[PDB]
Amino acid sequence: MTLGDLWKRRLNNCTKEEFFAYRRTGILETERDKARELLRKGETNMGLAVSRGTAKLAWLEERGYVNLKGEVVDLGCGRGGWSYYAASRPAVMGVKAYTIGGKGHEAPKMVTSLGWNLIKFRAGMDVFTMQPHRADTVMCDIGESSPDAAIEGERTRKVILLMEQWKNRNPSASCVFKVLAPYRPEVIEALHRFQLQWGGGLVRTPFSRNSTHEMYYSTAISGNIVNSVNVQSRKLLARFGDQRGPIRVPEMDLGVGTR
């Protein structure tokens, strides 16, 4: 049993009020008041982020932890926050975005955010059985939360295997992907093998809530994986009891227009 396993158990044991306060203590949170209503009413001429994912990927790019370029593939695009971010980057020439959709899953939001015309969305697509194709940048933000850490570990393992398949097709592609449950043993083993062959490392974004252990793997960074995970598990375990609120910041606005 790992520190992350203990964190998950302590999380599940919170009362409702305890969980709510812990979830957001000390986290950066974009102000989505305007964006949320525009999307709800069906406004398409908007550059405000379609989800909280946009600011997360922007942070990784602005830190130099990812370098989005060329032909990008967004595996599990959901509402499209990462696809719209990538399409706005001058170094990106095209985005192919795929998501399963259906009951309980978010379909792409359709807006004129800058570079929208460079995105090809395909909903109703399972990426785990889809054959890889050529790409310069492979992104994947898949990892559905579950109160069961063993399920979260298996979900994470499937994402890492997907990334190995895309790297097999594209050995030189840059990769950025969510690692939902990085502390599980089969996840450590799989990440170690990934890092051995492809380089990379893990990083925690400041927008990720304390109710998730998610870390992002990128081929553009480095770092001992076990040390990265345990550092994160301890920061999460130490935040239990903190009463400070979230840190509110403006939502990303990418502007509108074609590229």
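Note that residue numbering begins at 1 and tracks the sequence as displayed. Here the rigid core means the biggest group of C-alpha atoms that line up within 1.5 Å when the two forms are laid on top of each other.
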| property | result |
| --- | --- |
| Greater root mean square CA deviation, 104-112 compared with 181-189 in 8 other deposited structures of this protein, core aligned | 104-112 |
| Selected stretch [higher average CA B-factor]: 121-129 or 71-79 | 121-129 |
| 234-242 set against 6-14, stretch whose average Cα temperature factor tops the other in the entry | 234-242 |
| Residue selected from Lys56, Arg204, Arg36, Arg63 by maximal Cα B factor | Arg36 |
| C-alpha B-factor winner, where the candidates are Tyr98, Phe177, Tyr183, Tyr85 | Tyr183 |
| CA B-factor ranking of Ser218, expressed as a third of its chain | lowest |
| Assigned third (lowest, middle, highest) for the C-alpha B factor of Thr44 | middle |
| Ranked C-alpha temperature factor of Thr30 among modelled chain residues, by third | middle |
| B-factor third for the C-alpha atom of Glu106 within its chain | highest |
| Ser51, C-alpha B-factor rank within chain (lowest, middle or highest third) | lowest |
